């Protein structure tokens, strides 16, 4: 996006300083995000991806409900900066744009640097789930259908595979066959939700580590910062996805696979934090599935990366042609180690399930 256009977008919002610069920012794969520097405060400017979130009204209604409820409890959250006409987002030339106050005095991580950071992440996400349980499922309409319905994701994967639109399949048979051969594992959570053996809860659904800001002084979680996929789900979606991103010893798109490991110690630290908040609500079935929810969300996200690769990278932002193939391979490597360490993680959860 050109500067002139971006600065044009910025003039629609009630900013409280003269804009000095607007630059791409952060690692979100879906929305396009910019840091707005002014002669005063800073702001996050985002373009909402309307092919992924077609219902902008419903999405902004959810974000607005979640944020306003958090504000009404004196909890720090994302602060929508309204347009100059007081709307919570602006439609400009076929684009959908919103502005958040920049969250000051924070750090965030793409890679956990020690167990204490990750424990705090589990504590923050566990507590977020407590907060979300105050809502009826009916107040928070799904903003994307079948979002962690892994069998439905596998259907998309299969169709992308059979289409093989770019002829990319030939160079990634091992990765493809990994997802094919695990097909029998995908329905466990959806089946549990459908038959009542796993409770339906309002969940965050994108709980990767870089969606929590930590205070730069105290190290405590300050705010959860990507509220877009809050909707009904399983607690296991939030748990498994955190483990997926944050129990790795390497970046999601690490090119050197020898650096990619699943850390049981990181698994333990997140679990202590997370289960420590949710001890009084976690059911026996949920506890039983905690380790495998890691496998499941890693496989779901990995298959999505691979599907996108095969489709010519139409869903996730990428920085080079193979980026999605590189991403899928870290996910596969992590699942391989999670399988191998399954009894260790079962023991870790059992241990912790004794507060």
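Positions refer to the first chain, counted from 1.
280 to 288 set against 77 to 85, stretch whose average Cα temperature factor tops the other in the entry: Mean C-alpha B-factor is greater for 280 to 288.
Mean C-alpha temperature factor, higher of 165 to 173 and 131 to 139: Mean C-alpha B-factor is greater for 131 to 139.
Which of 241, 91, 253, 215 ranks first by CA B-factor in the deposited coordinates: Answer for 241, 91, 253, 215: 91, with the highest C-alpha B-factor.
Peak C-alpha temperature factor (PDB record), options 183, 193, 103, 236: Of the options given, 193 has the highest CA B-factor in the PDB entry.
Position of residue 28 among the chain's modelled residues by C-alpha B-factor, lowest, middle or highest third: Tercile = middle for this residue's CA B-factor.
Relative C-alpha B-factor of residue 64, binned into the chain's lowest, middle or highest third: According to the entry, residue 64 has a C-alpha B-factor in the chain's highest third.
Ranked against its chain, the third holding the CA B-factor of residue 179: Its C-alpha B-factor belongs to the lowest third of this chain's values.
Chain thirds of CA B-factor: placement of residue 114: As the PDB entry reports it, the C-alpha B-factor of residue 114 lands in the highest third of its chain.
Residue 206 - Cα temperature factor, lowest/middle/highest third of chain: Answer is lowest: the recorded C-alpha B-factor places it there.
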